Structures are given as structure tokens and as C-alpha cells.
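Participant: Just to be clear, this is only the beginning of the complex, oriented as in the whole thing:
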Amino acid sequence: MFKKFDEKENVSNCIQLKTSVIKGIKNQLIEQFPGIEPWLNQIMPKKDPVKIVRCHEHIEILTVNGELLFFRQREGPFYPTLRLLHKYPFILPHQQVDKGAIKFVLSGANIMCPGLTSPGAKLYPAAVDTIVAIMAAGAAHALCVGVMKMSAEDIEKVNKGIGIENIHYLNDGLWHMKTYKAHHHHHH
Amino acid sequence: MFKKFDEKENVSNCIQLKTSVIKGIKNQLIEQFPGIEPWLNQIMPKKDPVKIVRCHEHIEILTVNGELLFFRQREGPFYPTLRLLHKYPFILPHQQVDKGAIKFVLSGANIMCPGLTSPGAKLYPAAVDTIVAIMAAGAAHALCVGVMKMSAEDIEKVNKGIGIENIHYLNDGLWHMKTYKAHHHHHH
Amino acid sequence: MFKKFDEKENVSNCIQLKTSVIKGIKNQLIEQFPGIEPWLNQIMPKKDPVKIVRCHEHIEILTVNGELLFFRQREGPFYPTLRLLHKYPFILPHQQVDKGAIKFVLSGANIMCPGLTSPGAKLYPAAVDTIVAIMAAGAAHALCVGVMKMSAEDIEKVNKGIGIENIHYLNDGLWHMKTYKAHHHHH
Amino acid sequence: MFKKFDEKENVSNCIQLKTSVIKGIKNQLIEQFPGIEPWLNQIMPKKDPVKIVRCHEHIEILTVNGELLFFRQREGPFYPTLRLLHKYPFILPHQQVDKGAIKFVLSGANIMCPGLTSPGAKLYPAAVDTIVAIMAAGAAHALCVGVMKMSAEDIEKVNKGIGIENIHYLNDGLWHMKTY
Amino acid sequence: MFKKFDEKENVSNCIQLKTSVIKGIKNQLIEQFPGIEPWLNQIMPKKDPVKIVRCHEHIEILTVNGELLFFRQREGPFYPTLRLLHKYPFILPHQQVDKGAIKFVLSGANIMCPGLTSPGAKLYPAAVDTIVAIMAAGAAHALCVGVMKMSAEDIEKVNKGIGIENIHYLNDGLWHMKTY
Amino acid sequence: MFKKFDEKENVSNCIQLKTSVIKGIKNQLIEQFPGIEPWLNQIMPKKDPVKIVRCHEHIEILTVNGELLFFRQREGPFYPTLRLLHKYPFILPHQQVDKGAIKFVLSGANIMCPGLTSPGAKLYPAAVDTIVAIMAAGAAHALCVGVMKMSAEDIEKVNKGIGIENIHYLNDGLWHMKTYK
């Protein structure tokens, strides 16, 4: 979603959310990410402003205190940023991709079934549409956020096609953006 | 249950139980935790005073000779303190949480189904409301006491949501309290 | 059964069994423990007296030549002593409990299902009432004699409650008694 | 398909394809091999011309900037070249043959079921007609491109017959051609 | 069958067998133990006499050239001697008992199911009344000849009772007899 | 099939085969052993005569350029010689027998089920009457060619009786014969 994103060109506008909408979004996030519920109050303190940053290609980024927390596209599911996930690694289920596929994950490539069924992978049980943290063997930090396009059962049984769509990866344009800066877009 | 518990602020009153009521409680601890039976006369010597410390949030702690033995909420089921469980670990079934989760369990985080269905975890049969010891591979002693919110059957099938509620963890407020002290509350 | 047993306090009477009674008992032992059959002439030689040591709590110990062979409570099934089991470990199926039950087994604690379902345990088929040797991975000799309270199949399914009752363990009162002595009670 | 192929003798004709034809081949490739999609603008750019090398036995090779990309026969499915597969190995499911079969894979031999069922092999699910990369345990790059003739399930359960047809292998005529 | 057997006390008589009777016995041995068929000319050379040593308790021992080959009781099935089995171990299926059992197997004890279900044992399919070789781990030669009293399936699933009857064991009286 | 075979005693005649017969044998070989197809022009080059060596006990050996390629008995299916199999081990599925059986395989002994079900064996699916290569762990070359008498499923589940018939083995009379004139 961010391979060619550049914070200097692709940010359009920003809105600060009202309380009822913030409460609504928190309810959505807890439904998506039951594992976030323990942490939401420190991630999004009730006193601090919550802002949505609009970018190109209908992308929106949810930010608090300049930190990029979640993003979405075309009003679809929220996804956590890698930076957030590194602090709270259990807000998503994990999938471990084989060593042969890692270079390509770091280039925005989707994860094909054979990258999950080979010996160096570990395929965790996960339903279709589940948002997941993509891990390399031996490294504790997620390298990519993806979404299951096939169930883990089907990835194992079928072993063909896109297993996990790659949404956000280490050193992509969102990674490099790091914080929300009000000086990369006009305000009126 | 005790993440924000402070012995100096959150203890309200204390009652000492009559012999007939103590016998009743013991008969029901035996039902809840059958492994405890031959040990109850040492944990709760027939001669010694048995007291219930009333705390905020409708919490009661069963205590003998200052030692904190069990706790409950709104006269519900008793749960062992971790200090007791460490001495008599056999009195609860255990669940093995993902090995990388230690930090979060030790911050009061609930055990989510993906933390139990991962290859790094071990899920054992357990009905809803079963009280369990939560273990991680890297520690020989239980990190928390949990209560099953979903059956182990449903944790595996549904694989989303709170599987086990984290009710008491190592070095939460109840652990830190360690002993009952009659000088942290008024008596009349 | 013997955690607080003391041979100096808890032995009440002794009887020597008659031929017909001995034949019945040997037939019971063979029925219970078919492995024992060719060893019965050694542990209960026909020419030697067979006695039952009556103890408190309706316990009886079957003894020959001062050796304590089997025991029972309320005239129930016979269970081998650990000393006999160690000499003839084929008498019984076994179950292996996990590390961290060992101290407790050696304190008379029953075996809870979660102690049998973990990776350090080994659980084998055994029906309710089957008499078993309880083993630890860290020890070559049975640490206790148990009786299945739940089948092995149900232990694995339910993973809660008492799976096996610990009836007799290493260094309990019976182990300590070691041999029978007719001076410990009046006749 | 290329054991006796020689560029100097079996290449008859080369055609620089027009935009509509290029665009319909790009679409068939994404259909067969969804992993290739984000890379199609790197191997088949807008700026650069796309050619088909017409060869004997009704064989066609797709090329761009002198690189050989895919091939087909009698207008059948496209198969990646090994050189392309080495750059983008995720394009195909893989199967790992036992060390005893490697010499013969490198001679154009088909992969027989017992080459895939032994303990040095690794056999993964794959339907008949699925195009696959054939791997060795002790080589990092695909040694051959194959097509499943039996499902991996049947390969395992039957353990007899041709499991995978060997279509293109390392150091065959197409490998040696290298560039156009 | 031979725990208390002493060749000096328990042999009654010997019969030299006639041609047709020998042929019948060879037929029976092939039916029982198909693995023996191409070895019969070596263990029972047609040039040499074949004898039955009649013993107490209705035991018979088939012997050729002083070698003790098979034994039976009361016209029942033949069982190989351990010395013959050691030369031709393929005659019988085997079962491997756990290390706690071996001293007792070497005392004539039957094999109880828990001796076959533990991690150091190896239990293989075998029907009731199948004659089997009993092995230890880290002992290359059979330590006893047995007969299944429960199927292997039931041994595994029930894990209680006499699994295999011990008929003949290393250093029993038949072993000690060695030759006739 | 060749334990007591001696080329000096047990070969009666040799027949040079005609084109149509040779084409028919090649078709049979491809059907039996699909792996062999692209190798037939090297093992049976069209420029060289193809012969059947007729032997005692209704045995026939297919030969080209003195090399012994395949054999059969009483018009049964063809089996590869071990020397051919060693050059092209893909002709056949394999079974691995346990260490105790190997001496006996090398004496012409059939493979009993218990020789295939033990920890040191490896038993692979194979229908009854499948021709197979018999392997030892730690010998790289097949030690015998056999034919399944019980399916692999039955071998595993029954564990009694002859599992695989030993047809030809290393250092039998056919191995020793090596080439024909």
C-alpha cells in the first residue's frame, strides 16, 4: 500500500476527530484487534487529540501525538503500523515466512503459499481476512503487516496462489514517514 | 484484577470466620481444587484464625496467619494466590501461552485465542470458567492465574477473542501486598 | 493409605491362614496380576506360613516369612507393596507423571489429570480401578502404587480432577515398616 | 522441451509485438502466475519493445531487452524460463527431488514418483497441470521447470509413474541461448 | 516350556523318520514359516537322517546332524529353537520388549502388555497364536520365542494382561542341551 | 531366479530379433517403465542388433551390444538387470529392508514382511506385483530386484508372510554373467 508513498508529496489534509467518532473507532479497533483492548488507553489517551491524515489513493492514517498508529484505504479495515506493532507485538496473530521469501516481502511482494508451507516457515492457524504480522525466523520484529487471502488450512492444502497480501513493510514509505508533520500539506 | 491494587489504599475491612463457616469454605475449596485436600489442614490449621479481608471492587481475600491464600469477587468462586499456587502447583490445570508473551502477561494482559493456538503455545482441555495456571516455556513458575472465557474447544474453533482472563499476575498489587496487615484499614 | 501409619501403633492382630483360604487368595492374585503366577511359589512357598497382619483403618497386609507382599483395605482388591513391585515390576502397568509432581507423590498426593497430560508425562491405557505403578522420568523405580479413578482416555479428554489415587509411596509408613514382627501387637 | 534445441539452428523468426498483443499476454501471465503481477513493469516495461522468438516444433519464447522471459508450445500455457525464475522464485510452487534424481533432472528426465517420496525429497500439494519449480536440497536455485502429471496426493499414495514432466532444465538449449 | 528341562533326565526315546513323514514335516514347516523354504536343503540335507527326540511332557524335538531345529508339544505347531532362529532370524515376526522386562524374559516370564507399550518397546502387528521372536533394544539376537496371546492391536489398546507367552528362552534347558 | 544360473551351462540359444518384434518390446518397456523412454535410443540404438538369449527354466534375457538389459520367465513381465538399474535407478520404485535382512537378500532369500516394518526399514506404497528395487541403508546401489507379493499396505497391516519375492540379486549368476558374447 506504501511502496511509492512519499510523505513530502502524498499527504492531502488532516482532520481532528470529535469524541463520538473516536469512541466509534475504538469500538471498531477492539472488534478487529481483541489483543489491543488492554493497551488502547495508553495508545490513545482520552485527553490527547486524535487526528486522521488523508493521503493519496484514498489512504487515511490515524495519528495521536504525531505518532502513526493505524491506517486504512477506501474506508476498509484498519491496520496497525509496524512501529506500533513492534511495541505491542501481540495485537495481531503471527505468520512466519520461509527464509527464501524475506527479500521479496521487503520489496512489497505478496506472500505466496509456497513461502508458508516450506520447512523454514511456520504457518499459524488463521481464518481468511485475518490481519497478520509477518515474521522471519529468529527475529522478534515483524517485517510486514499482511492480510490472509486464503485460510491457513487452504494455504497448506492448496499450496497455490496468493496466501497473504502484503500491505505495509519495513522501510516502505509509511515506515520512513514515521510521524505526522503538519508542514507537508496545506490547511486551507 | 489487581493491576492498580495498592494495599495502603484499597483494603476496607476484615472479618474473622466462625468454625462452622470455615468448615463449609474448606469443603468447597476441596470441591474446586481436589488436589488441595491433604494440605488444607497445613494451609489452614484448625486452631488458627481464618479471616476474610474485604477490599475495593468487591474483592475478598482469604487469609490465615497473615498469608494470602485465596481471593474472590462478589462471593464468587475462590482463586488461589500465585504465592500459594507456586507452593502447590498441582491444584490447577495449566495452559501454555505463546512463549514470547511473558512481558504482556506480566502487565495484566488477557490471553487471546491466537496466543494459545500458535505453535509456540500448548492448549489443553478446559471448560468455560475453569481456573488455570498460565505458564510460558521460559519460566518454571506460573506467571498468572487465569479463568477460561471460552472452552479450549471453542478457542481452537473460533480462534479469536479473549480465551483466558488474566486475573492475577506475578508482582501485581496482590503479589506485592504479600501479607495482611491490620494497620492499613479502620476497624470501626 | 499409610502416610501416618506407624507399625508400633497401628498393628492390631495377626491371623495365619488355612489351606483353603490361601488357595482362594492365590487365585485372586493370579486373576488380578497374571504376571505373578510363576513367581508365587517363590514369594509364597507352599510349605511356609501365610499370615494377614490386621491394621488400623481396615487395612490388612499379606505376609510370608516376614516379607510384606500385598495389602488391601475393607477386603477390597490386593495391591502390591512397593518393595515387591520393585523386585517384580511386571506385576502392574505404569503411568509416568511430570517433573514437579515427584516431591508431591512422595508426600502422598494424588495424581491430578494435568499431571498426566503434559509433555513430560506419559499416559497409557488403563481402566478405572486398574492398579498402576507411578513413575517419574527422573527415577528408575516406581515411586508409588496408584489406582485409576478415571480411565486414561477420560483423563486426556477432561484434564481436570483426580486421575489416579496414590495409595502407597516410597518411604511412607508401610515402606518404613519393611518386615513384619509379631511383637508389635497382642494376640 | 529444449534438450536438442540450438539457437543457431531452431530459431526461425522473431516478431516485435504490438501494444494490444503485449497487453493480452501480460493478462494471461497474471492469471497463471499471480505472484508476477507487481513485477511485470520491471521485466516488461512500457518504454521497451516486447518480442516473440518463433522456434521449431511450434515453440515461442517471450523476450524483452534481450532477456528470455516465458515460453510456450502449440499456443499452450506459458512457462517461465529458469533465468527468470531464479530472479523471482516465488512465481511457482516448488517440489524437491531426492539427491539420486538430480543428475537425471539435469539430463531432461521426467521426475518419477519415487524421486519425490523418499526422505531426501519434499513433496507439496499440487494439482495436475500445475507448473512447478524443481529444487534440490543442496542447490539454492531451481534446476528445472516441470508440470504435474499426477497430483502430489497421487504421487504420494501411488508411488509409481511419471509424477512431473521435465519441460526445461539448467544447461539445456534454452538455458544456453541465454539472451536473444 | 523348558525352564526345568534337563537333557540327562527328560529325554525318553528317539525316532528316525521315514521319507514320506519327513516330506510331510517339511511341507508343514513351509506352510508355517514360508521364509524357511529355500533353506530346508541346508538345515535338513536330503542325504542325512532326520530324527524326533521324544521328551517328557509330550515334547518332541526335530533334529538333523545333532542340531536341534524345531520343537512341539502334543502334536501342536512347531516352534524354532533359538539357535536356529539366530542363524535365520527371518523365520518369525519380531516384537521388542522394554528394558525392565528382559531379566524376567530370561527367567521364563511371559511378556505383559505394559512391557510392549512403553517407549523402549516396539510393537508390530501380530495375530493371536502367531509365533514371534522376542527382542531387546541393543541385543541383536532373539532372547525368547513367544506366542501371541492377545493381538498387537489389543496389547496397545487394552495395555493389561499377558500379551505373549514365553515358550523358549536363552539359557533355558533346551538352549543348554545345545545338540542331540 | 538366477541363484544356480551358470552361463556356461544354462544358456541354450540366442535369437536376433526382427524390427516389428523389437518395436513391440520397446513399447512394452515404455509401458512398464515410463522412466526409460528417453533412454531407449542409447540402450537400444536403432543401428545395433537386438537379441534374446534363451536360457533354461523358460528364461529370456534381452541384450544389445553384449549388455544384458532386461529379463523375463515364462513370457512374464520384463525385469531390469541390476547393472542396467544401477545406471538408471529411476526405472523402479524402491523399498528399503532392515539391516538384518541384507545378508539373506544377497543369498536370493525373499523379503519377509517383518524385514520391511522395523525402524531401519523404509516401506513405500506399492501395489501387488509392482517390480521394485531393494535397497540397504548405507548402500547407494540396489542390491536386488524384486516383485511385491503383498501390497505395501498389507505388509504394514499384516506383518506376516512373504512381502517381496527376490528375483535377481547382486552376485547371482546373471550378475556374474555380466555380458553376452
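Facilitator: On my side now, so go ahead. Residues are numbered from 1 along each chain as shown, chains lettered A, B, ... in the order given.
Participant: Is chain B within reach of stretch A:42-51?
Facilitator: No - taking CB under 8 Å from any CB of the partner chain as the criterion, stretch A:42-51 and chain B are apart, separated by no less than 10.5 Å. Any C-beta I mention is one placed from the backbone N, CA and C, and that applies to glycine too.
Participant: Quick check on residue A:139: phi, psi?
Facilitator: Dihedral pair for residue A:139: phi -110, psi 130, per degrees, to the nearest 10.
Participant: quick one: it and residue A:102, what's the gap?
Facilitator: 9 Å (CB to CB, to the nearest Å).
Participant: Once you drop chain neighbours, what's closest to the closest residue to chain D within chain A?
Facilitator: In chain A, the residue that lies nearest chain D is residue A:159 (4.2 Å; CB to the nearest CB). Nearest non-adjacent residue to residue A:159, counting by CB to CB, 6 or more residues apart in numbering or on different chains: residue D:125, 4.2 Å away.
Participant: OK, contacts around that neighbour?
Facilitator: A:117, A:156, A:157, A:158, A:159, A:160, D:151, D:152, D:153 (CB atoms under 8 Å, 6 or more residues apart in numbering or on different chains).
Participant: Further, place chain G onto the existing structure:
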Amino acid sequence: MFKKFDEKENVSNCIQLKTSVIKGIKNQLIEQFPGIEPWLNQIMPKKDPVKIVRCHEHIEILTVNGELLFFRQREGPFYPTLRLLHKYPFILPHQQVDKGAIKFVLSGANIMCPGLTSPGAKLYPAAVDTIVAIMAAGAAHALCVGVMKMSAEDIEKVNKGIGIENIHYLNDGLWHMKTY
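Facilitator: Time to bring in chain G:
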């Protein structure tokens, strides 16, 4: 160092540092923790005020924008807080203590040699006075910051006495303080 620490009772005052001192501290932190160098601009941005929180028992905590970064006692070496170490886990060498000893580490207890030589431990080379991250098997977050009291070699070879001094641990008072 913080077992009985309480931010409400044990904080005395707070001072803001000057440029020349901040530059020297950064040199000191780099000399102690070579791996921190690329990250100091992020952890202590030149723009932002650097403060020292003065606490009881001569303890000082270095803080930037309310975050607790490093601490020291009586102008001793700086130590990272666990919260900072969790973000940059590589700035200290690691020692993994055995699963039997973890409960005690979480009580502030020093680490004895047998908790570091047993099977579930992993001992990495480290001289006396090396500041180390104390880890549990399988978890990427340090549970304790320690200082070597004996070398790793001494610990393995002497296997007696206090091996590592426990300075700061998960859920101690500094952990609970969290911010300033």
C-alpha cells in the same frame, strides 16, 4: 536498586542540563553502549531539554520529554531503563537465565551461578562490570538489567557465588514510575 522505590516518596528534585554536559554524557553513553550511537539523536533530540531527576539514595534518572532513559547511583555508570532497552534490545549484551530462576529475578534477587550454568540457561562472554540484559528463553523482552559480578567464564568454571547483580527488573518501582 528500585525494589522499594516509590516516585511519590523518593523523588527530591529535577535539574535541566547544559549543552557541554549533554555532549559529554552522550560520549559517555556511546563509550558504555556502542550500539546506541545511531539512535541517540532519536532518543535525545538536540532540540529537546535533557533533565536529571534527583532521587533518594543518590539515584539520578536521565529524562527527555518525560521518558525515563538511563539511571545511575553516586555518579556511577549509567544503566538503561528496561522500557528503553525493550525498544533497543541490542544495546546490552544478553545473559539467559534458566527457567527455574526467573521467579527470583522478578523479585530483585541477584543471580547465582547455577541459574546460569544449568540446561535452560545461555551464558554469553562478558567481563566483570559488564552491564547486561537478563532474558528468559523464548521471550524477546529483557526481564532485568544486571551487572556482571563475576565474569561469564568464572560463572561457568567456578559455579559458586553471586554471578550477576540485579539492578532493575520488570515491575520494580522504576518500571511502575514509567514517566516523569
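Participant: where does chain A come near chain G, residue by residue?
Facilitator: Counting by CB under 8 Å from any CB, chain A comes close to chain G at A:87, A:89, A:140.
Participant: 10 Å - rerun?
Facilitator: A:42, A:86, A:87, A:89, A:139, A:140, A:141, A:178 (CB under 10 Å from any CB of the partner chain).
Participant: Widest-spaced pair of those?
Facilitator: Using CB to CB, the residues of chain A next to chain G span at most 25.5 Å, a distance reached by A:42 and A:139.
Participant: End to end on stretch A:167-186, go ahead and measure it.
Facilitator: 27 Å (CA to CA, to the nearest Å).
Participant: where does that stretch sit relative to the chain's centre, distance-wise?
Facilitator: Offset of stretch A:167-186 from its chain centre (CA atoms, centre = their mean, to the nearest Å): 13 Å.
Participant: any idea how far the closest residue to chain B within chain A is from chain E?
Facilitator: Relative to chain B, the nearest point of chain A is residue A:93 (4.0 Å; CB to the nearest CB). Counting by CB to the nearest CB, to the nearest Å, the gap from residue A:93 to chain E is 35 Å.
Participant: now the sequence for chain H, which goes on the structure above:
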Amino acid sequence: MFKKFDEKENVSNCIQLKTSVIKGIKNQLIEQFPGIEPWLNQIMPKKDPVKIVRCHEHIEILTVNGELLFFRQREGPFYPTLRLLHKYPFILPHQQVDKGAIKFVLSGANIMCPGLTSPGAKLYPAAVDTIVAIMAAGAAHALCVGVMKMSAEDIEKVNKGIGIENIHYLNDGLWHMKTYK
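Facilitator: So that you can see how it sits with the rest, here is chain H on the chains above:
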């Protein structure tokens, strides 16, 4: 040291200790077992009486609040009770004995070198006269308190004789005693 010990028979006298004697014992305990230092306040609260139970064979047991803490013989080194060691297992180095030895360790037998050199054992560095905890593999708590009679180095090299003297074991007379009054 306690195989035949019976609290009802072999306890002579009990003494309450004076402040200076207490300070001296705590100093000796900290010297022997430096890992106990931050726990002494819990096991020997300064406000609580410290007593010594005088027993037969010059044995003394140090007790506070009824709990049996350490013991010694003549004037010798203190040894922790097993009940104490189970609460604070880090205060001694450990040695793991092989499964064959455990029944005998629980009968008061000394640990012979072959019980420490087999694959089920785990032998760690420890000098002669070092007080150690004896562990089993498949059992999580110490089964015996011992004293090295040979160095761990020499146990491994020599593999003969008494490696570790068994001083106190699970279910011996001191274990059974459990508490004092």
C-alpha cells in the same frame, strides 16, 4: 545424618539464643550462602525469637517461628533443611544424579561417581566440601542435601568411589519432624 532420627526420641533440649550469638550465626550463614542475604529478614525476622534444638549425636537445628532452617553437627558448617531449600533453591549449587540412583538417595545412600557420569546425570563444577543440592531429571525439587567428597572434575575423570555424601534427604527423620513446637 537423620535416617534414624525421631523427634520424639532424639531431641534433648531447646535454647533461646542471645543477640550476639544470633548476629554471629547470621554472619556465618551469609558467609556460607551469600544468596540467602536478602532473604534472612524474612526467614529470621529480627523481631522474632531464634532458638536452637539440641539433638543426639551433637546435632543442632536452628529454628524461627517453628520452622526448621539450618542444621549442623558438632560445631561444624550449617546445612539448609530441604524444606528451606525448596523455597530458596538458589542458595546451593546443584548436581543431577541419574535415574538409577534416586531410590537409593531416598534411602540415605551416598552418591557414587557412576551415578553422576551416566547420560541421565548432570555434573557441574564443585570443589571438595561444597554443600550441594541433589536433583533428579524428572523431578523438579531437591531430593537430598549433600557434600562433595571428590571434586566434580575428579568424579568425571575417576568414575569410582563416593562422589557426594548424602547428609539429609526427602522423608528422613528431619523432613518428618517438619516443625519444632
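Participant: The contacts of residue D:125 again please, this time with chain H.
Facilitator: A:113-114, A:117, A:155-160, D:93, D:148, D:151-153, D:156 (CB atoms under 10 Å, 6 or more residues apart in numbering or on different chains).
Participant: what's the closest of those residues to chain F?
Facilitator: For the contacts of residue D:125, the nearest to chain F is residue D:156 (7.5 Å; CB to the nearest CB).
Participant: what about the closest one, how many neighbours?
Facilitator: The number of residues packed near residue D:156 is 17, by other CB atoms under 10 Å in any protein chain shown.
Participant: Residue D:118 is in contact with that one, correct?
Facilitator: No - the pair residue D:156 / residue D:118 is not scored as a contact, 11.3 Å apart, by CB atoms under 10 Å.
Participant: and of the contacts of residue D:125, the nearest to chain H?
Facilitator: Distances from chain H to the contacts of residue D:125, taken by CB to the nearest CB, are shortest for residue A:156, at 35.0 Å.
Participant: measure the closest one to chain G for me?
Facilitator: For residue A:156, the distance to chain G - CB to the nearest CB - is 24 Å.
Participant: Could you do residue A:120 as well?
Facilitator: Distance of residue A:120 to chain G, given as CB to the nearest CB: 18 Å.
Participant: can you check residue A:182 too?
Facilitator: Relative to chain G, and taking CB to the nearest CB, residue A:182 is found at 17 Å.
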